[PDB]
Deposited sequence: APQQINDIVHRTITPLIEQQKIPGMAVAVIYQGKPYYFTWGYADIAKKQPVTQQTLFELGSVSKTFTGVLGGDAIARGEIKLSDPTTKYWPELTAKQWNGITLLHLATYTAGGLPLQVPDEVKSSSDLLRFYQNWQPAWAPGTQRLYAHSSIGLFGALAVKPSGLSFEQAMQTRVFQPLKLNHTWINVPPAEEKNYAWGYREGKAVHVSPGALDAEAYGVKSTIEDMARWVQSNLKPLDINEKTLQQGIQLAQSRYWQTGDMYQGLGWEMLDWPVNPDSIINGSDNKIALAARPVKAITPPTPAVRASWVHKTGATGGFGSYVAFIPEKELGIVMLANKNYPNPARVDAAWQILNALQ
């Protein structure tokens, strides 16, 4: 690899691993359209399995970027519209608090305070309906943003209904396969378990537990190679041959709402570039008023586009700058502080800017 990339990556990630006591980590830097890979440590401490370019990590909420793009693809196909009422796709959701709540609100966490977590008790399709029917919004729709797995999770489930496919089948056929993400999974097959890293929490090896809307909100597992390919696809959507997918990627990077210096896309979050680290998980719940961008701004090339993701034992981060054809993916099997992720990513991309 070019020595500049080698050096900034190693000088930034080594101290990170030491300070955060990360057991294993993979990093991909996309520079001028080409990916460069780096790995450290262990995928499985007890079995002494090293992290390799083929190791599967739990992406956690970085999964929301796949959901946002799958939703965008469905919009492009004319299957759904973000302006459609949630009830158009779930007529059984008859409680009155849902009048006025659109798919856009679900996709962008602006429905009025849907909670971060779907309760553990919610398992069956009937349990889920009961949960949403009983939910009482704290606010009118489209007034405040409260990041939530239950909001974009529902968006993902509803967005694939017109297709007739399960969320997983839709994601495989419409996003994973076309982009050749052949080692990206919602459910890790037995044949691939040898590559599935263990996550570590309080020193214990752990994997994400099954949960309602998990696939849609935080359940994707992937390798550093596939994630580099995902970043490349999002950096240059016009190179994608599938028309509705190219469009869906573009829609996921449109700016729908603004809170402070941040703009909410579908899954992706964006800030104008240049940006310094302070503007870009220590807070369990952060309610913020949002300003609608009427109409949404199409994907801005000069943007820092990113998403953090976690599961109990994993910490992921993806950021890219379209205008510079520059990006980075940091996958780790410890859920370490988000600021440390952003500070390292910024240190690396700014140096290569």
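- Note: segment 281-285 is the sole part of the deposited sequence with no C-alpha coordinates in the structure.
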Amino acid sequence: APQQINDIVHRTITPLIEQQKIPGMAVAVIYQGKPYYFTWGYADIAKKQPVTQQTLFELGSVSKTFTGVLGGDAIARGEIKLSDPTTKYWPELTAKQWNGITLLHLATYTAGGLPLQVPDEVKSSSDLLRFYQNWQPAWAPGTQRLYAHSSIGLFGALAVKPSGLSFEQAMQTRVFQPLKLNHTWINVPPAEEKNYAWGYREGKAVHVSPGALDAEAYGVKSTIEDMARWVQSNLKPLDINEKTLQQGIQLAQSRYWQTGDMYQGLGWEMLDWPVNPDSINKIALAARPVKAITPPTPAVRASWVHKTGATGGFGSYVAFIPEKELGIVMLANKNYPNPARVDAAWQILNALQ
From here on, numbers count along this sequence of modelled residues.
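- The question of which stretch, 141-149 or 199-207, has the higher mean Cα B factor is settled in favour of 199-207.
- If you average the C-alpha B-factors over 93-101 and over 226-234, the higher value belongs to 93-101.
- Among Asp272, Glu216, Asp73, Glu192, the highest C-alpha B-factor in the deposited entry belongs to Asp272.
- The PDB entry gives the largest Cα B-factor of the residues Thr184, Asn241, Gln264, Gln133 to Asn241.
- In the PDB entry, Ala28 places in the lowest third of its chain by CA B-factor.
- Among the modelled residues of its chain, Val300 has a C-alpha B-factor that falls in the highest third according to the deposited record.
- In the deposited entry, the Cα temperature factor of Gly156 sits in the bottom third of values across the chain's modelled residues.
- Placement of the Cα temperature factor of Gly327 within the chain: middle third of the modelled residues, per the deposited record.
- The deposited CA B-factor of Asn338 belongs to the middle third of values across its chain.
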